[PDB]
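Structural overview
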Amino acid sequence: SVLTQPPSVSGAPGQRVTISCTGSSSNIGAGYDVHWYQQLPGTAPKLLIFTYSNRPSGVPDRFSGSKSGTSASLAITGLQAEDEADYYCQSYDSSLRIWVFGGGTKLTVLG
Amino acid sequence: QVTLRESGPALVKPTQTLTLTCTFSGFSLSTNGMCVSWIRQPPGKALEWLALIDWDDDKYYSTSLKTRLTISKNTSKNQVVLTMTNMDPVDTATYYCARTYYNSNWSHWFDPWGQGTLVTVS
Amino acid sequence: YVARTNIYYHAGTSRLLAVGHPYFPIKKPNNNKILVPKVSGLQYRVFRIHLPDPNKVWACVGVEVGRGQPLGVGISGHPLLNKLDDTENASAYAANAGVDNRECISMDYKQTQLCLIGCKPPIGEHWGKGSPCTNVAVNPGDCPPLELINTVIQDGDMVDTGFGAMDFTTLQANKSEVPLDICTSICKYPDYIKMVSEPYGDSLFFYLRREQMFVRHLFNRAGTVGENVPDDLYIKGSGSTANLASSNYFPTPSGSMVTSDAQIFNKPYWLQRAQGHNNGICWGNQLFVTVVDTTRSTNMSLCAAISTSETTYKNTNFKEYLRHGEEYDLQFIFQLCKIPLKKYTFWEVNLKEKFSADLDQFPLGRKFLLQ
Amino acid sequence: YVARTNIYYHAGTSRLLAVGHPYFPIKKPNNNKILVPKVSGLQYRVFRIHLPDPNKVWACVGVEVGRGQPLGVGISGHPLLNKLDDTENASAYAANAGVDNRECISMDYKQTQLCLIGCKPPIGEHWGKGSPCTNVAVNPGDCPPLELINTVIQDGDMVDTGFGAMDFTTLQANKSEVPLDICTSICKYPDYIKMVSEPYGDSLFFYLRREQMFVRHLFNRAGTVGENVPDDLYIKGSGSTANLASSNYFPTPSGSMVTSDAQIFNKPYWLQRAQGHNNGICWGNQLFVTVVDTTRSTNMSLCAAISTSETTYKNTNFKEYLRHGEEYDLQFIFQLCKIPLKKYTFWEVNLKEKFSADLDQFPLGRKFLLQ
Amino acid sequence: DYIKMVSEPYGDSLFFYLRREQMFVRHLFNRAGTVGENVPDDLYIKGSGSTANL
């Protein structure tokens, strides 16, 4: 995974936890959009965000993100057990000339 | 609504050729902006893009595996076929077929995903 | 086949006045009823002249469009315009875009003048959203199609301001791309080609224009990129240059300098022969006069004292207002000849009582007699 | 030896429209298939007119090039232009050059207009890499040789922008010296000398030009020096001045002000006599019309909403697009007279059905009759 | 009021006049008093943070 994400982040219930997806001048810096996916244990990936913040049908408004240069962030407000999934970022790389995914991060709640 | 189903052998011997087929409903590969892509996820590992085919029949493959991969589509039957050659134990992973939107940008996203068909190489 | 005669009749309104806010009309919080209209120099003024019936046909052989207000230059802006950074003389690489990076920006407008005269309403072209959906899926946020639309220009429609003749209402959804006076309107530009092709010349038998503009500043946008720059055209950077800056650049117009010598108004016209088959005949006893004049678009601010019990100055004791004064005076010379539009908003002008053959008693008549 | 007659025929397209991105064409990540073409005012437009056969020869005695879009000024830039520092009014000595010191810079372009008419394709001169290798070793990074090349101008080729008529693709390898729209293209300039020398006048029997420019800023480069400054021309410094600054200076052009009075278009021409032997005869039933007009090169930005579920503004919810509207309308007057190019990309224009002798029904015909 | 002074049929108010005036915008400025006719909510999207206060 050319894109890098922290292996895991822990947050308390109801707290605003954040995730990071660092890139480079070839994937994120070049202006290619970034997308996110959540995958529950034993299920297929589900679309979460599709241009840095946008929210598809069926996702609570508590999910958002922003562009911070050669990086992107996912923000979760009101942490619950629904957020015990694995999150992946996706983008396009011009050098490798492929679509790439990140290393994934295992969000956990201190219940 | 729009759905995808995967099918294929769950066990394939090494150095053989794997074949997988997907069936999609609710959309066609003739509408501009509609595309289908193949992804895989080895156990306890991150997702990895493999290939992609679009309405104009243009095909895309991963550079690390371009020679081993070929894809095709059949609009009249709403099916897309993947074929990987020279299999290896490392390739044992779950394969998902997903629909894909075309952007004016080049960073496409796969909104719906299939159930996922597991493949083992041994 | 039209026979001309030596009978002439002078006419005119002698005054036409309008007042209102230049940016947006005033009205109650949710009511759609207007209290103060919107009046500015960026709006077309289409005067639908209702001539008297000669049988109880006219031929407009001369016209004069008087303007009374002093020369001036209007200013328009947007409290939340989309402007990332100035790139004319950037000395350090742009650092952050942020969630919202809109700035309070102001700017003058492309100076423009015109005067269209004809027996049919004028025609105006703009760039609106296209019809063709065919067999292409409209993906989230794709580029809207473009189409060359043709319409009829009405009084109150905006003019081209150097941002392009386009329907900002639909093509731009963020409402921050252009100043407040056009962020939700249609900036049309006359389709001179079609209006002179029409073989009859009804749409107009006389027109003038004089517009000018220069780039006063160079600016950049801040939205997410659409058609990204090809990797071929640049070498990937690193460090500070790792994150590309937006390549969507827009100019800020400027009309330069206003002068009396560059005025087409307060000057007579003589429509002896038109550029079309029709030689100025007023079929149906009607006329249309479309005029634009950004050379007198000075907005006079008004200040009113809420309380007069303060020894010292306080911003929380005065209310600021903006109003625009529009003054007009149409004069016409008509010649005697022997041989469905209610959908639109025009400025009706009745002339069925203001006809007199005493040419010398009026200035335009004196000029006509001299020439 | 060509006999003229009193037979005339008006012709024209009545509309010619184009749309696309002004900087670069759109296409799939690695595919070379274009989805949206590249259209801008900096490109030549060569219309290859396919006349009908008079025997089933023509003489172009008049032409009119209609332009419909509003006047405006385009803006071009480069997210990673090579620009070390501004030296117009430097008050402190430059400190560091660094590994990468490129800045997001924008700039308008030299205003230019032209209209070449002839029976053969036009000729354009630029400055490309020279052929002669002879007996000289090309050392690493040596200065490429320069040669005065001659070519044929095609539709889509760029025009001189004040950076010089040169082949930026080869002469400049870093792709950061000039804006994005020319960093990988050829900016040709017509070779008027050769095209009038040709004794026949086939390459053209009429031409016009009006271009202007001024220096709006003074900039410096940052690459490693080539031909270093001689030690004779300066006294060695010390301290802060110990490290010389680059002596490679480039200007940023500017076209100043656009006006209607400075327009050569929407105005008829009368080619009664050419500047060559040929007096406007259309040999082979063909014509070429090359036109440039940077006076209407306004780029209209488009904004599309990805999601409409946000109460507040967010840059990550709108996509920015740039498109350019190019409109044309060619009119011709032809006179009757009695007595290998498929390699290039031209804008084919068919006129074999649009010939009519009803001159008065068209504007150009009315003008011709008047004159 | 050139219009009224030439309308008058006698020309007494004047029988000769000239004028030559010119102007250009040298700077763009803003006021600071309390707002009167406020901007409609239709013409803009509400901001936040720094842009919270128009």
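Before any of the text, the structure's been laid out above.
Per chain, the count goes from 1 following the written sequence and can depart from the entry's numbering; residues without coordinates do not appear at all. Starting at A for chains and at 1 for ligands, labels are handed out in the order in which the entities are written. Here we see some chains out of a larger assembly; the values all refer to those chains and nothing more. The side-chain numbers reported here are obtained from all heavy atoms of the structure, hydrogens and water having been left aside. Residues with missing side-chain atoms are left out of burial classes, side-chain pairs and their counts.

**Comments concerning the interface of chain C and chain A**
Just so we agree on the cut-off: Contacts were defined at the residue level, with two residues in contact if any of their heavy atoms lie within 4.5 Å. Here the buried area means the combined drop in accessible surface, using a 1.4 Å probe, for two parts upon being joined, counting both sides. By salt bridge we mean one thing: a side-chain nitrogen of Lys or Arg within 4 Å of a carboxyl oxygen of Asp or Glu. By the criterion applied in these results, polar contacts are pairs of N or O atoms within 3.5 Å in which, for protein atoms, one can donate a hydrogen and the other can accept it, and in which residues neighboring in sequence qualify only through two side-chain atoms. Amino acids outside the nonpolar list (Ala, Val, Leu, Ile, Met, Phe, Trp, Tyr, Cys, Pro) and the charged list (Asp, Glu, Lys, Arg) are all regarded as polar, and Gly is one of them.
Counting residues at the interface gives 12 residues for chain C, matched by 13 residues for chain A. Regarding the contact of chain C and chain A, the summed buried area is about 1,000 Å², with carbon and sulfur atoms giving 49% of it. The largest per-residue losses of area from chain C upon contact with chain A belong to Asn228, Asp231 and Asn243 of chain C, which jointly make up 37% of the total buried on that side. If you look at where chain C meets chain A, you find one salt bridge. Measuring nitrogen to oxygen at the nearest pair gives 3.2 Å for the salt bridge that ties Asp231 of chain C to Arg97 of chain A. Put simply, chain C and chain A have six residue pairs in polar contact between them. A class-by-class count of the residues in the side of chain C that touches chain A yields six nonpolar, four polar and two charged.

**Looking at the side chain of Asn101 of chain C**
Rules: Numbering goes from the N terminus for both helices and strands, where a helix is a DSSP run of H or I of at least four residues and a strand is a run of E of at least two.
Looking at the secondary structure, you find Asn101 of chain C in the loop between strand 7 (76-82) and strand 8 (102-107). Here the side chain of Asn101 of chain C touches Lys83 of chain C through a polar contact of 3.5 Å, landing on its backbone oxygen. A distance of 3.3 Å separates a polar atom in the side chain of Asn101 of chain C from the backbone oxygen of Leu84 of chain C. Among all residues touching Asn101 of chain C, those that are not within four sequence positions of it are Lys83 and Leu84 of chain C together with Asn315 of chain D.

**Digging into the state of the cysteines**
The cut-off we apply is this: Note on disulfides: each one is a pair of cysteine sulfur atoms within 2.5 Å. Here the term buried applies to any residue with accessible area under 20% of the maximum for its type, exposed to any over 50%, and partly exposed to those in between, with areas from a 1.4 Å probe on protein chains only.
Within the structure shown, the criterion is met by one disulfide over all chains. Between the sulfur of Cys21 of chain A and that of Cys89 of chain A lies a disulfide, 2.0 Å long from S to S. Across the disulfide from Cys21 of chain A to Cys89 of chain A, rotation about the S-S bond amounts to roughly 85°, and the bridge is consequently right-handed. Here the residue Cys21 of chain A occupies a position in strand 2 (residues 17-22), and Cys89 of chain A occupies one in strand 7 (residues 86-93), the gap between them amounting to 68 residues. Taking the relative accessible area as the measure of exposure, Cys21 of chain A reaches 0% and is therefore buried. In this structure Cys97 of chain B is not part of a disulfide, and its nearest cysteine sulfur, from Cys22 of chain B, lies 4.5 Å away. Considering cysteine sulfurs only, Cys183 of chain C is the nearest to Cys104 of chain C, which forms no disulfide, with 14 Å between them.

**Section: the sheet that holds strand 22 (residues 347-350) of chain D**
As a general point, the strands of a sheet are linked pairwise by backbone hydrogen bonds and lie either parallel or antiparallel. All names here are of chain D. Rule in force here: For two strands to pair, DSSP has to find at least two bridges joining them. For helices, the fitted axis covers only the stretch in contact; all axes are lines through C-alpha atoms, and the angles between them, taken along N-to-C directions, range from 0 to 180 degrees.
Ordered in space as 14-9-19-5-22, the five strands form an open sheet in which the pairing is mixed. Looking at strand neighbours, the two that pair on one side only are strand 14 (209-212) and strand 22, the edges of this open sheet. Across this sheet, the average inter-strand angle for adjacent strands is 20°, counted without regard to direction. Across six bridges, the pairing between strand 9 (residues 111-118) and strand 19 (residues 286-293) is antiparallel. When the bridges of strand 19 are listed, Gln113 appears paired with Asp293.

**Remarks on the interface of chain C and chain D**
Tallying the contact residues gives 87 residues for chain C and 69 residues for chain D. Contact with chain D buries surface across chain C, with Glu227, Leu233 and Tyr249 of chain C losing the most and accounting together for 11% of the total. In this structure, the connection of chain C to chain D is made through five salt bridges. Across the salt bridge formed by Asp191 of chain C and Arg15 of chain D, the nearest N and O atoms sit 3.6 Å from each other. One can count 30 residue pairs in polar contact joining chain C with chain D. Tallying contributions element by element places strand 14 (residues 209-214) of chain C first for the side of chain C that touches chain D, with six residues. Across the side of chain C that touches chain D, the residue classes break down as 37 nonpolar, 30 polar and 20 charged. Bridge count between strand 16 (residues 224-225) of chain C and strand 21 (residues 318-338) of chain D: two bridges; the pairing is parallel. Looking at strand 21 of chain D, one finds that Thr224 of chain C is bridged to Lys319 of chain D.

**Notes on the relation of the copies chain C and chain D**
The condition is simple: Throughout, superposition of copies is done by least squares over C-alpha atoms.
Rotating chain C by 72° about the axis while translating it 0.0 Å along that axis superimposes it on chain D, leaving an RMSD of 0.0 Å. The symmetry that links the two subunits is that of a five-fold axis. Closest approach to the rotation axis among the C-alpha atoms of chain C is made by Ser256 of chain C, whose C-alpha sits 8.7 Å away. A low fraction, 9%, of the interface residues of chain C reappear at the interface in chain D, so the copies pair through non-equivalent surfaces.

**Structural notes on the pairing of strand 2 of chain A**
Residues and elements named next belong to chain A. The two faces of strand 2 differ: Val17, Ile19 and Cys21 on one face are buried, but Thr18, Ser20 and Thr22 on the other face are not. Bridge count for strand 2 against strand 6 (residues 71-76) is six bridges, and the pairing is antiparallel. Counterpart to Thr22 in the pairing with strand 6 is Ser71.

**Here's the deal with unusual backbone geometry**
All names here are of chain C. In this structure, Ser256 takes a positive phi of about 65° despite not being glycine. Positionally, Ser256 belongs in the loop between strand 17 (249-252) and strand 18 (257-259). Taking the relative accessible area as the measure of exposure, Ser256 reaches 24% and is therefore partly exposed.

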